[PDB]
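Quick setup: one chain, the form deposited without the partner chain, written in structure tokens, and binding and motion questions come after.
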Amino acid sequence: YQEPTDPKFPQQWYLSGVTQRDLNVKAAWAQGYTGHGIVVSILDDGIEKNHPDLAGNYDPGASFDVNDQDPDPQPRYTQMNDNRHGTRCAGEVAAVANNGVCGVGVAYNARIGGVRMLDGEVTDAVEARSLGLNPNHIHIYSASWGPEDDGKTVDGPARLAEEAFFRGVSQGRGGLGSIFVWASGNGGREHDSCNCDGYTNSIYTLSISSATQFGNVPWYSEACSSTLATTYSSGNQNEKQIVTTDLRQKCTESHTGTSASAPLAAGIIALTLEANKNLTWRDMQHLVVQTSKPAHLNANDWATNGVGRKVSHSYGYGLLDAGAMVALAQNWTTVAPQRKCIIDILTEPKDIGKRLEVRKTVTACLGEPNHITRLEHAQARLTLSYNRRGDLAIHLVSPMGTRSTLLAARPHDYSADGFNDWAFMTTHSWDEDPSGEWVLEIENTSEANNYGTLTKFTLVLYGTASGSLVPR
């Protein structure tokens, strides 16, 4: 195997490193996996399809302009180069290799397109038409953005966009399911808590956070239980950043944020899908859980779950490992059909006050076709009132003792609107048996005499009843 000769490949430290602080992509390339036959679309502000490092891989069938309602996602050029982000992300996935220009994509033989959908008013219809673009041609969608990262918003896909997610994972990709890769957010300095973003909090999105070059949690990171894994991105000014294609046929070394991590993940997922084109959308999440690596990622919340895997709310299961992903994909056995066990927990509304604990012992649909002994995602779907939402912290403890933070205190969130059947999701109990006692904790983290009521708590378990591995 001959590594790429591109002039900035040496600066792509998260791919070209020799110090074990990288995504282990060369190992996948040397196994023969470069993205050939895979199609990725960037949902963003457009794609410079004539960029010298993108044109060779550009796929019009992976592209559309929802903002102007035409097929051509070319960005709108402005003095401030506002609409450059999609071009930066596209190069991370699939910049051409060995062509003397900039660097390379993770999946440098994949085909790449873009949906121009952020340069205009983003409505539910715009979102749905983007998520549902050509779902039997595009394999993987990469989205780096969501509701405002102001630390006070709770929002997610409205009806058309949620229907697009369920159509995508159900009928997309020949019934194997569209793979939606999502950035978990850039709201760290606002103390944002990313389960309040219904796109990344979805079970249908494969959610990705960031690590700095020196292995730390970047200033912009949001912690939450819905994140699955991590890729490298930017940090402080002594740490390197992401090197990729830029608007006006240029090359940048200063692409940043969690919004630069999701495209790298999408590229790794493209390599993995080349290694086994029959992987379902759920198979892909299982591969990420099993192969991601905590080592050398610094956080104070690493905890071992019930099946022996280390998990963090900043990093999920750790750093994506492309070589390990493609190796495990090759002989992967398709997971069993997804079961869903619905448990209505409360017998009466519960005053929250300063603190509320709800304990319930469940059988996880014992005796029924939705019996789950092997969890995937779990949700606590909560309906509650409270006078100042951001003073709440919410935790969910599984029968195996795994504490998932569903919500951390958000100081800027002054809302009096509470949560209206909000489906807080955790990945941290993946592969655990969910039978037994679950504990929900709701706490007022402020000294204020805050007040409200929990009126509904639905525990929703997804998973299967076969195929478990010995714990790690």
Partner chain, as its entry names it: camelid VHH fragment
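Residue numbers count along the first chain shown, from 1.
- Two stretches are in play, 108-116 and 376-384, and the higher mean C-alpha B-factor belongs to 108-116.
- Two stretches are in play, 148-156 and 294-302, and the higher mean C-alpha B-factor belongs to 294-302.
- Per the deposited coordinates, the residue with the largest Cα temperature factor out of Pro349, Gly198, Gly187, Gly390 is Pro349.
- Note on the listed residues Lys250, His371, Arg88, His286: the highest Cα temperature factor in the record is that of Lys250.
- When the modelled residues of the chain are ordered by C-alpha B-factor, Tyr77 sits in the highest third.
- When the CA B factors of the chain's modelled residues are split into thirds, the value for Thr458 lands in the lowest one.
- Ranked within its chain, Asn444 lands in the middle third, by CA B factor from the PDB record.
- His428: CA B factor in the lowest third of modelled residues in this chain (values from the PDB entry).
- Among the modelled residues of its chain, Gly401 has a C-alpha B-factor that falls in the middle third according to the deposited record.
In what follows, reference is made to the form solved in complex with the partner chain, a form of this protein that is not presented.
- With the partner omitted here, the residue from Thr363, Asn276, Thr383, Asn99 that has a non-hydrogen atom within 4.5 angstroms of the partner chain in the entry with it bound is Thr383.
- This chain is displayed without the partner chain, yet in the entry with it bound the stretch 385-393 from 295-303, 326-334, 385-393, 311-319 comes within 4.5 Å of it by heavy atoms.
- Remark: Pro349 counts among the residues lining the partner chain in the entry with it bound, judged by a heavy atom distance of 4.5 Å or less.
- Shown alone here, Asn449 lies within 4.5 Å of the partner chain in the entry with it bound, counting heavy atoms only.
- At a distance threshold of 4.5 angstroms between non-hydrogen atoms, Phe424 is out of contact with the partner chain in the entry with it bound.
- Among residues of the shown chain, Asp70 is not one whose heavy atoms approach the partner chain to within 4.5 Å in the entry with it bound.
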